[PDB]
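Protein chains in written order, with the UniProt record's numbering: chain A, 247 to 295; chain B, 207 to 352; chain C, 343 to 390; chain D, 99 to 293. Beta carbons are placed, not taken as given, at the ideal position from N, Cα and C, and that holds for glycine.
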Amino acid sequence: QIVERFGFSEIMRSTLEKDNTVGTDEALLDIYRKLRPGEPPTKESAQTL
Amino acid sequence: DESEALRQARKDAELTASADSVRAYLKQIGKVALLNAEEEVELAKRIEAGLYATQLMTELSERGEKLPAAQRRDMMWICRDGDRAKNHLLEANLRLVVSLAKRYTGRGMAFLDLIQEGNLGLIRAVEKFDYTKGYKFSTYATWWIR
Amino acid sequence: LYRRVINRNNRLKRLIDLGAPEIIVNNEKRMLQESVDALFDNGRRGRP
Amino acid sequence: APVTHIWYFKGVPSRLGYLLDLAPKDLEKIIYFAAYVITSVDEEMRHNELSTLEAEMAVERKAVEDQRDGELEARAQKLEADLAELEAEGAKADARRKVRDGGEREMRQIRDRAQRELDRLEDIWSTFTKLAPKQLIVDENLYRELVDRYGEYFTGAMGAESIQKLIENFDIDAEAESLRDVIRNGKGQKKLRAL
DNA sequence: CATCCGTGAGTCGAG
DNA sequence: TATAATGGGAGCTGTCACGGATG
Numbered sequence: 247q248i249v250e251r252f253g254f255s256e257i258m259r260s261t262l263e264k265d266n267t268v269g270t271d272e273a274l275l276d277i278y279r280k281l282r283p284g285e286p287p288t289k290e291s292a293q294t295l
Numbered sequence: 207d208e209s210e211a212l213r214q215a216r217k218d219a220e221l222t223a224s225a226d227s228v229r230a231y232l233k234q235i236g237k238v239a240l241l242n243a244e245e246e247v248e249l250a251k252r253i254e255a256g257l258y259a260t261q262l263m264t265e266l267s268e269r270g271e272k273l274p275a276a277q278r279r280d281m282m283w284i285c286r287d288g289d290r291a292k293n294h295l296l297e298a299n300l301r302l303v304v305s306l307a308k309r310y311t312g313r314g315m316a317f318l319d320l321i322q323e324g325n326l327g328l329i330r331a332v333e334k335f336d337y338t339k340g341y342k343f344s345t346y347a348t349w350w351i352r
Numbered sequence: 343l344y345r346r347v348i349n350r351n352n353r354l355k356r357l358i359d360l361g362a363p364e365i366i367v368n369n370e371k372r373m374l375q376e377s378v379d380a381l382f383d384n385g386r387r388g389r390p
Numbered sequence: 099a100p101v102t103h104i105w106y107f108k109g110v111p112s113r114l115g116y117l118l119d120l121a122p123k124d125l126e127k128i129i130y131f132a133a134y135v136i137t138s139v140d141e142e143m144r145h146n147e148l149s150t151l152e153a154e155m156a157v158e159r160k161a162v163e164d165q166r167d168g169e170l171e172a173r174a175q176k177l178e179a180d181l182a183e184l185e186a187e188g189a190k191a192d193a194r195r196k197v198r199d200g201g202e203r204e205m206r207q208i209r210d211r212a213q214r215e216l217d218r219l220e221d222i223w224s225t226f227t228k229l230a231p232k233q234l235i236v237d238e239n240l241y242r243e244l245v246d247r248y249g250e251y252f253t254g255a256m257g258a259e260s261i262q263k264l265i266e267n268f269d270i271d272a273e274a275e276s277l278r279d280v281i282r283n284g285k286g287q288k289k290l291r292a293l
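So this is what it looks like as structure tokens:
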């Protein structure tokens, strides 16, 4: 759906490609890890905030 | 379900210490696990043994005479195991204090100072606890911390 | 600020004496440190 | 409890940091009680027992491995025995593949659990072997494991008074000339921080 | 050559 | 002062130009 909605531009295609990780779990965890360090990352604690 | 990434990711966050002096204390408390009703009883039992071995030797040192090397050593270990149990219970219900210390925020006294004084009441609380009555520790604590 | 420090300095005394676990004692100490810090130079470290 | 003058710590360049060759960020995690700091080590006593200490650590490392390879064996036994048990029931061969991948998942976990122990046991022995003043041990459980095992061999403290200790056992005259030697060397970036 | 933190940014008076 | 009670809560918004430590 990322390819669908923002595919008309090369700058977004270059973004999804340079994208480090994939996966709904791995994204939430990633953002959680950069927002509040010092706290245990549950899959239910990154979905919540 | 449990990836190696998360397992490395979890220790990375936990290990790094935040800048907020309030947060850094919270994270410290969350380490020790909450206590089972009968787990509480156990520690109570030990502290009683521990607290009592101490009162024995205390009046003995003043009057003079002391136990043999076999008795004193065995006596002494209870005094340590007791003073270790006491420290465990305090670390357990250390959350309890911070629970009812948030409620006196913004009253001309700082949060941390509230939590400390809070803990300070918790220390007295565990001392005069009694496990003869089947009441959990949480109820004879609250009245002491407040 | 002075009243802040002495309150935390004294509370340390009572805690050390009572034989508090290290988690409590240290929390005081840390606080004592920010309290002397806040009095000498406020806002320098952390929030004022 | 001793407490450090914020004028010398947070003022940049961090005068205390420069004095003890301690990092400005590492200094933080110490003074404000987020990370222990090694204060002094009996290197000799470490040496004169280093042979025996190695053997001891080793035995634990073996006995950990021995359980692993044993634990794994019994699961491999029951993995092959169950796959045949569901074969004697006449289940679909695809329904056995679920049981197959199940075992291989269980064995992997076992190995990883053990391996984490062995890595911890590695991180412990490595840390004790290479221990010295002005080292930060931010990981607590390690430090607790570090004291419980080799607490006789070093002096670890935390907070403003540990840094007090470090200043006491600071040799000015020695640390001075040591800087002058790095200055006598042409190496720029390291002469910068030594100047 | 470009970022991040800490420190500058006229005077008197008035309320 | 014995029912049982167990991890906070507001964030602050629109500078500007510079040196020093880091890159």
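Item to complete: Measure the Cβ-Cβ separation of D:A212 and D:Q175 and say whether it is below 9 Å.
Response: no
Practice prompt. Taking only beta-carbon positions, decide if B:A230 is within less than 9 Å of chain C.
Written response: Yes, B:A230 lies at the interface with chain C (some Cβ there is under 9 Å from its Cβ).
Worksheet entry | Proximity test, Cβ basis, 9 Å: D:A132 and chain B | yes
Worksheet item: So with Cβ pairs under 9 Å, would you call C:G385 a contact of chain B?
Response: no
Practice prompt. Just list the beta strand (DSSP E) runs in the stretch 107 to 170 of chain D, keeping only unbroken ones of 3 residues or longer that don't cross its boundaries, in chain order.
Written response: 134 to 139
Worksheet item: Looking at D:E238 and D:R218, is the spacing between their C-beta atoms short of 9 Å?
Response: Between D:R218 and D:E238, the CB-CB gap reaches or exceeds 9 Å.
Discussion item. Which residue marks the beginning of the alpha helix (DSSP H) containing D:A255, and which one marks its end?
Written reply: Looking at the DSSP string, D:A255 is not in any alpha helix (DSSP H); the run it does join, the beta strand (DSSP E), is 252 to 255.
Worksheet item: If we call anything under 9 Å between Cβ atoms a contact, is D:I136 one with D:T227?
Response: no
Worksheet item: Which bits of chain C does D:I104 rub up against, with CB to CB less than 7 Å?
Response: Contact of D:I104 with chain C by beta-carbon distance below 7 Å involves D379, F382, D383, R386, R387.
Worksheet entry | Cα-Cα separation between C:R387 and D:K108, rounded to whole angstroms | 7 Å
Worksheet item: What are the partner residues of D:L234, as DSSP defines its beta bridges?
Response: D:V135
Worksheet item: Quick check: the stretch 290 to 305 of chain B against the stretch 246 to 266 of chain B, are there 3 or more CB pairs under 8 Å?
Response: yes
Practice prompt. Check the Cβ-Cβ distances between C:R372 and every residue of chain D, and say whether any is below 9 Å.
Written response: Output row for C:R372: interface = yes.
Discussion item. Using the three-state DSSP reduction, which class does B:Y341 fall into: helix, strand or coil?
Written reply: coil
Worksheet item: With DSSP run on the structure shown, which of helix, strand or coil describes B:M315?
Response: coil
Worksheet item: Taking 9 Å as the CB-CB cut-off, is B:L221 touching chain D?
Response: yes
Item to complete: Would you verify that the beta carbon of C:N351 is, or is not, closer than 9 Å to some beta carbon of chain B?
Response: Not one chain B Cβ lies under 9 Å of C:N351.
Worksheet item: Can the beta-carbon of B:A223 be found less than 9 Å from the beta-carbon of D:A133?
Response: In contact: B:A223 and D:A133 (Cβ atoms closer than 9 Å).
Discussion item. Taking the beta carbon of D:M143 as the centre, do at least 16 other beta carbons fall within 10 Å, making it buried, or is it exposed?
Written reply: exposed
Fill in: Rounded straight-line distance, which links the Cα of B:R286 to that of D:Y248
21 Å
Discussion item. Closer than 7 Å between beta carbons: that is the criterion. Which residues of the stretch 116 to 130 of chain D meet it against chain B?
Written reply: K127
Practice prompt. Note down, in chain order, every chain C residue with its Cβ under 7 Å from the Cβ of D:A99.
Written response: Taking a Cβ-Cβ threshold of 7 Å, the residues of chain C close to D:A99 are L354, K371, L374, in chain order.
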